[PDB]
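Peer 1: Dropping in coords04.pdb, which is PDB, C-alpha atoms (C1' of nucleotides) and all ligand atoms:
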MODEL        1
ATOM      1  CA  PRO R   1    -102.402 134.661-161.308
ATOM      2  CA  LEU R   2    -104.005 132.268-163.765
ATOM      3  CA  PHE R   3    -100.948 130.399-165.055
ATOM      4  CA  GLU R   4    -100.839 126.882-163.645
ATOM      5  CA  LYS R   5     -98.804 123.690-163.861
ATOM      6  CA  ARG R   6    -101.450 120.888-163.881
ATOM      7  CA  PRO R   7     -99.018 118.012-164.463
ATOM      8  CA  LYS R   8     -99.442 114.524-165.868
ATOM      9  CA  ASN R   9     -98.739 111.117-164.351
ATOM     10  CA  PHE R  10     -97.310 108.492-166.701
ATOM     11  CA  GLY R  11     -97.982 105.601-164.418
ATOM     12  CA  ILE R  12     -99.773 102.408-165.343
ATOM     13  CA  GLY R  13    -103.517 102.690-165.718
ATOM     14  CA  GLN R  14    -103.216 106.445-165.316
ATOM     15  CA  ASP R  15    -102.741 108.898-168.207
ATOM     16  CA  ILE R  16    -101.633 107.871-171.693
ATOM     17  CA  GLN R  17     -97.940 107.470-172.354
ATOM     18  CA  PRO R  18     -96.071 109.942-174.566
ATOM     19  CA  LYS R  19     -94.170 109.478-177.826
ATOM     20  CA  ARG R  20     -90.684 108.107-177.249
ATOM     21  CA  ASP R  21     -88.155 106.593-179.610
ATOM     22  CA  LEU R  22     -88.989 103.084-180.754
ATOM     23  CA  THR R  23     -86.082 102.514-183.106
ATOM     24  CA  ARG R  24     -85.097  99.225-181.493
ATOM     25  CA  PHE R  25     -88.449  97.493-182.013
ATOM     26  CA  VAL R  26     -89.245  98.385-185.623
ATOM     27  CA  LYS R  27     -90.247  95.674-188.033
ATOM     28  CA  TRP R  28     -87.366  96.258-190.345
ATOM     29  CA  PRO R  29     -87.505  95.042-193.939
ATOM     30  CA  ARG R  30     -85.611  92.148-195.387
ATOM     31  CA  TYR R  31     -82.508  93.736-196.844
ATOM     32  CA  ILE R  32     -81.759  95.319-193.470
ATOM     33  CA  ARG R  33     -82.302  92.266-191.260
ATOM     34  CA  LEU R  34     -80.148  90.151-193.523
ATOM     35  CA  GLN R  35     -76.978  92.204-193.394
ATOM     36  CA  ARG R  36     -77.119  92.844-189.670
ATOM     37  CA  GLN R  37     -77.390  89.135-189.026
ATOM     38  CA  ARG R  38     -74.588  88.725-191.553
ATOM     39  CA  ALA R  39     -72.299  90.822-189.405
ATOM     40  CA  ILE R  40     -73.223  89.045-186.203
ATOM     41  CA  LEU R  41     -72.195  85.697-187.616
ATOM     42  CA  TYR R  42     -68.660  87.043-187.893
ATOM     43  CA  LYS R  43     -68.688  87.380-184.092
ATOM     44  CA  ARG R  44     -70.460  84.178-183.100
ATOM     45  CA  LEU R  45     -68.653  81.755-185.337
TER      46      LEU R  45
ATOM     47  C1'   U J   1     -91.221  97.398-154.011
ATOM     48  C1'   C J   2     -91.795 100.403-158.633
ATOM     49  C1'   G J   3     -92.185 103.914-162.429
ATOM     50  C1'   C J   4     -97.069 104.495-157.399
ATOM     51  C1'   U J   5    -103.877 102.741-161.206
ATOM     52  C1'   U J   6    -109.261  98.061-156.360
ATOM     53  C1'   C J   7    -115.153 101.052-152.685
ATOM     54  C1'   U J   8    -119.397 103.413-157.394
ATOM     55  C1'   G J   9    -122.371 100.548-165.195
ATOM     56  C1'   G J  10    -118.282 108.772-165.041
ATOM     57  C1'   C J  11    -113.742 111.933-167.944
ATOM     58  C1'   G J  12    -108.909 110.832-169.884
ATOM     59  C1'   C J  13    -105.398 112.346-176.824
ATOM     60  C1'   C J  14    -103.611 115.298-180.818
ATOM     61  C1'   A J  15     -97.881 118.938-178.303
ATOM     62  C1'   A J  16     -99.433 119.009-172.962
ATOM     63  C1'   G J  17     -98.416 122.223-169.125
ATOM     64  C1'   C J  18     -93.670 125.130-167.669
ATOM     65  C1'   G J  19     -88.346 125.258-167.425
ATOM     66  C1'   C J  20     -83.456 127.125-169.533
ATOM     67  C1'   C J  21     -81.612 129.217-173.731
ATOM     68  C1'   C J  22     -81.197 131.403-179.623
ATOM     69  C1'   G J  23     -83.922 134.374-183.106
ATOM     70  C1'   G J  24     -86.948 137.732-185.890
ATOM     71  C1'   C J  25     -91.074 142.635-186.987
ATOM     72  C1'   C J  26     -92.276 147.850-183.513
ATOM     73  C1'   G J  27     -90.456 151.276-178.857
ATOM     74  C1'   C J  28     -85.071 150.516-176.442
ATOM     75  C1'   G J  29     -80.309 150.957-178.216
ATOM     76  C1'   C J  30     -75.264 148.000-174.503
ATOM     77  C1'   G J  31     -78.507 144.028-178.183
ATOM     78  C1'   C J  32     -78.509 137.922-177.621
ATOM     79  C1'   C J  33     -83.672 144.099-174.029
ATOM     80  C1'   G J  34     -89.663 146.139-173.410
ATOM     81  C1'   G J  35     -95.182 145.162-177.621
ATOM     82  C1'   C J  36     -96.603 141.062-182.135
ATOM     83  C1'   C J  37     -93.977 136.483-183.470
ATOM     84  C1'   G J  38     -90.800 132.141-183.411
ATOM     85  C1'   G J  39     -86.867 127.943-182.925
ATOM     86  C1'   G J  40     -84.447 124.758-179.723
ATOM     87  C1'   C J  41     -81.493 119.880-176.031
ATOM     88  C1'   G J  42     -86.256 117.878-176.026
ATOM     89  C1'   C J  43     -86.161 119.576-169.238
ATOM     90  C1'   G J  44     -90.591 117.249-168.014
ATOM     91  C1'   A J  45     -90.442 111.662-170.467
ATOM     92  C1'   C J  46     -82.259 108.875-167.182
ATOM     93  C1'   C J  47     -77.895 106.459-169.832
ATOM     94  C1'   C J  48     -75.435 102.178-172.746
ATOM     95  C1'   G J  49     -76.113  98.206-175.985
ATOM     96  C1'   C J  50     -74.945  92.992-181.223
ATOM     97  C1'   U J  51     -80.009  89.369-182.531
ATOM     98  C1'   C J  52     -88.562  92.223-182.088
ATOM     99  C1'   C J  53     -90.395  89.290-176.995
ATOM    100  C1'   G J  54     -90.894  84.549-175.378
ATOM    101  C1'   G J  55     -90.448  78.706-175.985
ATOM    102  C1'   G J  56     -87.670  74.693-177.937
ATOM    103  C1'   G J  57     -83.052  73.035-180.094
ATOM    104  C1'   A J  58     -77.808  69.676-183.140
ATOM    105  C1'   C J  59     -82.853  66.559-181.590
ATOM    106  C1'   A J  60     -87.567  67.062-184.526
ATOM    107  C1'   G J  61     -87.875  67.673-189.949
ATOM    108  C1'   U J  62     -86.296  67.283-195.283
ATOM    109  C1'   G J  63     -83.099  64.188-199.232
ATOM    110  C1'   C J  64     -80.931  58.916-200.541
ATOM    111  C1'   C J  65     -80.663  53.878-199.225
ATOM    112  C1'   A J  66     -81.832  49.081-196.158
ATOM    113  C1'   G J  67     -85.431  45.764-193.599
ATOM    114  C1'   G J  68     -90.607  44.485-191.682
ATOM    115  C1'   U J  69     -95.970  45.197-192.226
ATOM    116  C1'   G J  70     -99.191  46.132-195.910
ATOM    117  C1'   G J  71    -106.772  42.642-200.274
ATOM    118  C1'   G J  72    -106.537  50.196-198.445
ATOM    119  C1'   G J  73    -105.411  49.343-204.001
ATOM    120  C1'   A J  74    -103.422  46.902-208.881
ATOM    121  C1'   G J  75    -102.582  42.836-212.554
ATOM    122  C1'   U J  76    -103.783  37.707-212.991
ATOM    123  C1'   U J  77    -105.071  32.361-212.385
ATOM    124  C1'   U J  78    -108.647  29.478-210.283
ATOM    125  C1'   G J  79    -106.526  20.997-214.650
ATOM    126  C1'   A J  80    -108.576  16.821-217.997
ATOM    127  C1'   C J  81    -111.494  12.312-218.485
TER     128        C J  81
HETATM  129 MG    MG G 101    -107.918  42.316-206.453
HETATM  130 MG    MG G 102    -109.957  38.701-215.016
ENDMDL
END
What would the structure in this file look like if it were written as structure tokens?
Peer 2:
Amino acid sequence: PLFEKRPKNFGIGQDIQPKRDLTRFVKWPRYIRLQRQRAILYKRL
RNA sequence: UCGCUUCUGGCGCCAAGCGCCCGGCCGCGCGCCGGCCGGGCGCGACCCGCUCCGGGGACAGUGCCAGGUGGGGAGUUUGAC
């Protein structure tokens, strides 16, 4: 009777975006960057 | 094309709405059910993946030598009768 949906729109310019996983874009520290690049060189070279 | 917002000196969030399931405390007892109370993949809010996004790039640039220029600067000299 009173219970209603009232949804959101995660467009552009419209309502604020939610919290999703941002693991790929973190500013990782030094000891982590270094080893990952170290492994990649064993595939490039 | 794209996560869809252009007539106006407005508002916009914190866990949203719900949507499917698991659980506890009281009446049912067939308990993973009815009153108070919670978790959950996260459904909504698609998956997978090896460099944060772009721009350059085996040249710039750094080290050591070789040659030219170089009163900006340094040292000095600028006869005797
Ligand atoms: Mg001089
Ligand atoms: Mg002198």
Peer 1: What does the PyMOL selection byres ((chain J) within 8 of (chain R)) select in this file, as a count of residues only?
Peer 2: 11
Peer 1: Hey, which residues come within 8 Å of ligand MG 101 (chain G) if we count all atoms listed in the file? Could you give them as a PDB file with C-alpha atoms (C1' of nucleotides), in the coordinates of the input?
Peer 2:
ATOM      1  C1'   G J  71    -106.772  42.642-200.274  1.00  0.00           C
ATOM      2  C1'   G J  73    -105.411  49.343-204.001  1.00  0.00           C
ATOM      3  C1'   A J  74    -103.422  46.902-208.881  1.00  0.00           C
TER       4        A J  74
END
Peer 1: Around ligand MG 102 (chain G), which protein and nucleic acid residues have at least one atom no more than 9 Å from it, if we count only C-alpha atoms (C1' of nucleotides) and all ligand atoms? List them as a ChimeraX atom specification.
Peer 2: /J:75-77
Peer 1: Please compute the atom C1' of residue 24 of chain J-atom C1' of residue 38 of chain J distance, one decimal, in Å.
Peer 2: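 Rounded to one decimal, the two atoms are 7.2 Å apart.
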Peer 1: Just to confirm, what's the straight-line distance from atom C1' of residue 16 of chain J to atom CA of residue 22 of chain R in Å (one decimal)?
Peer 2: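 Taking atom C1' of residue 16 of chain J and atom CA of residue 22 of chain R, their separation equals 20.6 Å.
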Peer 1: Quick check, in Å to one decimal: how far apart do atom CA of residue 34 of chain R and atom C1' of residue 49 of chain J lie?
Peer 2: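 Result for atom CA of residue 34 of chain R versus atom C1' of residue 49 of chain J: 19.7 Å, one decimal.
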